[PDB]
Amino acid sequence: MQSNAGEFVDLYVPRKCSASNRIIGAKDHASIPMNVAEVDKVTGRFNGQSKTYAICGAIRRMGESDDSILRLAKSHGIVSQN
Amino acid sequence: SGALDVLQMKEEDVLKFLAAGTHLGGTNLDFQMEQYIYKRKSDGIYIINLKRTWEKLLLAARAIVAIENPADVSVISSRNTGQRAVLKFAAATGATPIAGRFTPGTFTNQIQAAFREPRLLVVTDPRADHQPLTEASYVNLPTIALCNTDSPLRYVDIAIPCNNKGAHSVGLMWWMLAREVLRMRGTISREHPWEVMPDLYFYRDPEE
Amino acid sequence: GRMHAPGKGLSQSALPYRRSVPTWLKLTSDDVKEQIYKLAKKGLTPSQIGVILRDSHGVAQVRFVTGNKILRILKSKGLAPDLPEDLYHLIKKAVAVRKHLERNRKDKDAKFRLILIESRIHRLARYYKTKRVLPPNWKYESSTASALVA
Amino acid sequence: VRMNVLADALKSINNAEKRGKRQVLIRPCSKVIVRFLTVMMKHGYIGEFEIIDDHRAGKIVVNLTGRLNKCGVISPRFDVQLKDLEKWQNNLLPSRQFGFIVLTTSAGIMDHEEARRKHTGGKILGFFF
Amino acid sequence: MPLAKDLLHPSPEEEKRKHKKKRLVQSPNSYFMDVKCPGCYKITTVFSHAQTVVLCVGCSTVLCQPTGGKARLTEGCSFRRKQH
RNA sequence: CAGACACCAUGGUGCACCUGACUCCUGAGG
RNA sequence: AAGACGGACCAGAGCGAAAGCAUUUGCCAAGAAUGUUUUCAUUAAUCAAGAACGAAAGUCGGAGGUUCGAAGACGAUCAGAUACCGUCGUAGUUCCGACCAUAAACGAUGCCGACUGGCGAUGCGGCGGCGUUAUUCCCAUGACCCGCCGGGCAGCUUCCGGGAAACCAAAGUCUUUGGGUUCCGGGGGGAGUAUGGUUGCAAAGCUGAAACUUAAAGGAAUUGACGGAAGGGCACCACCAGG
RNA sequence: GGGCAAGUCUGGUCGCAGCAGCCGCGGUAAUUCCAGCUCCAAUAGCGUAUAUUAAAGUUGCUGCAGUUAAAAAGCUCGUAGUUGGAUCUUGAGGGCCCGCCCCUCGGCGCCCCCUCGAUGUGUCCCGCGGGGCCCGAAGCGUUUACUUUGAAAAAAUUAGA
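Here the protein sequences come in this chain order: b, f, Z, a and Y. So the first sequence is numbered by the entry's author numbering: it starts at 1 and just counts up by one. So the second sequence is numbered by the entry's author numbering: it starts at 2 and just counts up by one. So the third sequence is numbered by the entry's author numbering: it starts at 2 and just counts up by one. So the fourth sequence is numbered by the entry's author numbering: it starts at 2 and just counts up by one. So the fifth sequence is numbered by the entry's author numbering: it starts at 1 and just counts up by one.
Structural data, given as structure tokens:
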């Protein structure tokens, strides 16, 4: 949370989400991301360089999360048989 | 993705699926599993879409990969049919194994007679592994799980459509998972399938 | 919301977006105007004319052929019923209930029902009076209700 | 039936947003609803909307975002002569550093910062932040 | 719903199963049809939910029978809306 | 389930109680 | 013969504004739901006054009193019974025209609209199937099965959201406080009493005070103790069989 | 003693005298009394009674509660009263801003008069000054509430230079 032209107030900058556009606050439970490994393709065999999605308390308790992850993953690629 | 032709499935898988009785589902209507469904069999029963089962299995597998220690993924089954299944998975992939009773508190309890440190849980039915599923969301752990059309979807991140109760259905999915993770990172390598048969998994199958 | 009936449901059709229906044979102005004039001669209400035109002829409403509706045609011609069709049919029910009430003086239901129908007539009539479709010097009465329906 | 149309729309969005749902069907659809949505949209509080046209009265599908915290309605409307605006702003907004009070002025439906510059008051519709 | 969907062009089987005024674009699905039927020697236009019978000169009586829903028809018939 | 099933009223009192700092201090040597 | 009453079938099922409403059949008008490119073209939402209906008892005049039965009188049981319990039996139950206007008239939850969640039934209407059965030559019928859609009484399971909790998809969208409108409450007692008015033939109904009294009246959950409340056990300080 | 800041006081009393808004003390080892001592708070002031205000969202416009705690009329119709669906048009200059679109004046113009340049009771550039008529403009078309700018708007008070 900035003050003025871009002075830093603040204790830290929290994680956000894009499955419901709501911040992960402050020490909350059921808040974790999900590193899917990339594969380099064509020759196979995992190469880095994680794709990370941020999952909040809210989505998980409302049993959304399964579908959400696929929408997020597909939209930016890449998984075989899409 | 990976090398790519056999990751768009192949006949070999489609034969194994049909044999293991994966394809049939429940008769309860859906609102979170509904997308996955291929078509509905006459007078109830849903035919799951093998294409969807594939992609989810691969995304799951990929998440276990990019950890350089395979021990901190806990494979969990309390189902009888999947006790042998997870035991073989743990030999192969190098998972830390939980067959039979979970015994409440191993991701919780500072004072306990056992403690396990995972980073990702893989569950065979979260209405039988309900204790891990609840316990995991008290201590900030993501959980993949094998879900049918009447399993809870709350606190499950990535679901894999499948019957996943009884028979060879639980076995086969553990076999295919192990095969997949070994492809990306293992010693099957190069994104080609295992030389081990699914029959090493499955259930004990009463011995004559 | 309904304070004129104890219902909860619906009682109107859905209507289409378009100003042309059905667009494969909408006939001509001529045909349906003749038909309207002849039907209105017999003393038939706009409701009845609309029903028979819809189903038998390839018109649906006559609002989609020309901008006029059956009432508008009637009104401009000067050959029209002398009160709105709805108001007529309301008055007619209150007559019918009144006749039933004359027959039976123990029918408590009929007394309750009559009141409701009569109130409904008055609110509709008030609306017509304000907008000069009824004269304000006429008013609903037992007496005159009989005379209209006859 | 509906004696305000703003109040229904605002609630509808908020209740969607709570779920994580990214669609609503608001209706009856009016000129003021369009105008309120555009000002809201511009500041980034909601996403883009699409007006579907019917001969009933219209229906709008709003694709919303969770950049909003609350859009309240001031029903019944009150007069604001630019010296009750200050009173409202301290009362009903969490800071003076952000959030807009949205009014209807004779110089157009506008946010209260623009109102202050014009010095044209009017009737208060609602607010958001 | 899985509670995050947004549909801007909805499929015509989940919009065509619903009630007539509950549709997401509201026009009813009712139509006109031509009825040939053999004891009538003219092509009578009929309304799908006719209510009161359609009859014609060419038939004795055989054209429609009343039903509260879709009007009953007898022997050979056709339908084309056409264009609602 | 699918054997038997009755009168019976009355009666009083107090104190339950609230803060943290490990030595037997070893005591020939120390 | 008289008078009364319509079991089992009968259900978290239907209808009716509510009170209420189960023998058969016919007649009379009425209401909802549904289907509906029909009609009108804003006619609407909700409410002082005003008005319709209103179980039971009671009261006016008859019919009628089978059955049962407020009162009374009897037999028991009890320390006390005038009660419960047995018997005799009155008004009354039933029926008609008048009064009366209240009920825990209980879902203790104003009315109208919008929005926010899963699953399966069932009364009813409509629609759909290379579904079953059934009838006429097969049908169109109809009952059934599956799917779909409306409007009913409800249920189930849920960090959907609320609440003090019990509960509650509304008692949700309330400090991030504001859709419309109406009604009632402001600690507990005095008291629906006093007093004046009003309605009623009467019985009664409506409006409705104060002095004074007093720091608790109350709600909910929790934990104990206790029950001539329900399932249990264990012991010759209990019983049994007996000394 | 608690609320309440400052006595696990010393003597005396012992449910007595008193204390005590309220909660409660005192019935013999009274940190509440009655004195003494010490300490606290405010300090030329402080205590007390009482009206009113604040706290009090315990009158709730902003901003109340009504399943069970105090509280939805037996139910419906319904007039006043309150409230009410959708729907009509206004390119350049400079790096937004300005006028516009689907006759009493000013004045594009037309006609008049002293006439202004062809002219010096008077034209043919024009209504420029007075006119009439009549366009961009504008009463325009039918009203407003609202909001906006002005005036009219005691001094003291009050904010405040």
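Cβ coordinates follow ideal geometry from the N, Cα and C atoms, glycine included.
Proximity test, residue i beta-carbon vs the ligand GTP heavy atom, cut-off 6 Å
i, result
"Y/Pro2", "As for the ligand GTP, it is missing from this structure, which has no ligand bound."
Min CB distance residue i to chain f below 7 Å
i, result
"Y/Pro2", "yes"
"b/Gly25", "no"
"b/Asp66", "yes"
"b/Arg60", "yes"
Chain Z contact for residue i (CB, 7 Å cutoff)
i, result
"Y/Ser27", "yes"
"Y/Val54", "yes"
"a/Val2", "yes"
"a/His44", "no"
"Y/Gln65", "no"
"a/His56", "yes"
"Y/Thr45", "yes"
Exposure label - residue i; buried when at least 16 CB within 10 Å
i, result
"a/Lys22", "buried"
"f/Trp176", "buried"
"Z/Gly8", "exposed"
"Y/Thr44", "buried"
"a/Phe99", "exposed"
"Y/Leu7", "exposed"
"f/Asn165", "buried"
"a/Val81", "buried"
Cβ distance (whole Å) where residue i is taken to contact residue j below 8 Å
i, j, result
"b/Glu7", "Y/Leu3", "Not confirmed; about 39 Å, so no contact."
"b/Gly44", "f/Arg184", "7 Å"
"b/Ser80", "f/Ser2", "4 Å"
"a/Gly48", "a/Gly127", "Contact doesn't hold; Cβ gap of about 19 Å is too wide."
"f/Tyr47", "f/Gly27", "7 Å"
"f/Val182", "f/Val66", "6 Å"
Cβ of residue i within 7 Å of any chain b Cβ
i, result
"a/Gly100", "no"
"f/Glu192", "yes"
"f/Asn141", "yes"
Cut-off 7 Å between Cβ atoms - residues of its own chain near residue i, not counting five sequence neighbours on either side
i, result
"Z/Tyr129", "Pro85, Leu88 and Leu135"
"Z/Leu72", "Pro47"
"f/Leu142", "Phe108, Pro119 and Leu122"
"f/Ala100", "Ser78, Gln84, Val87 and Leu88"
"f/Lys42", "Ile48"
"Z/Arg64", "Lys70"
CB contact check: residue i to chain Y, cutoff 7 Å
i, result
"a/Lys19", "no"
"a/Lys32", "no"
"Z/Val63", "no"
"b/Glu38", "no"
"a/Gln24", "yes"
"Z/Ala15", "yes"
Neighbourhood of residue i by C-beta, 8 Å cutoff - its chain only, sequence neighbours within 5 removed
i, result
"f/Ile161", "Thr54, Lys57, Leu58, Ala61, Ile145, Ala146, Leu147, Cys148 and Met174"
"f/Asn29", "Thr150 and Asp151"
"Z/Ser143", "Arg99"
"Y/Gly69", "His49"
"residue 215 of chain a", "Because residue 215 of chain a is not part of the residues shown, which for chain a are 2 to 130, the question remains open."
Cutoff 7 Å: residue i Cβ touching any chain a Cβ
i, result
"Z/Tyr18", "yes"
"b/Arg45", "no"
"Z/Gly2", "yes"
"Y/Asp6", "yes"
Neighbourhood of residue i by C-beta, 6 Å cutoff - its chain only, sequence neighbours within 5 removed
i, result
"Z/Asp31", "none"
Q: Taking only runs that begin and end inside the region 76 to 151 of chain f, name each unbroken beta strand (DSSP E) of 3 or more residues, in chain order.
A: 97 to 99, 121 to 124 and 144 to 148
Q. What are the uninterrupted segments assigned as alpha helix (DSSP H) that are 4 or more residues long and contained completely in the region 9 to 91 of chain a, given in chain order?
A. 32 to 43
Q | Within the region 12 to 82 of chain Z, ranges of the alpha helix (DSSP H) (whole runs, at least 4 residues) | A | 30 to 42, 47 to 57 and 71 to 78
Q) Going along the chain, which unbroken runs of the beta strand (DSSP E) with 3 or more residues stay wholly within the region 14 to 64 of chain f? A) 38 to 41 and 47 to 49
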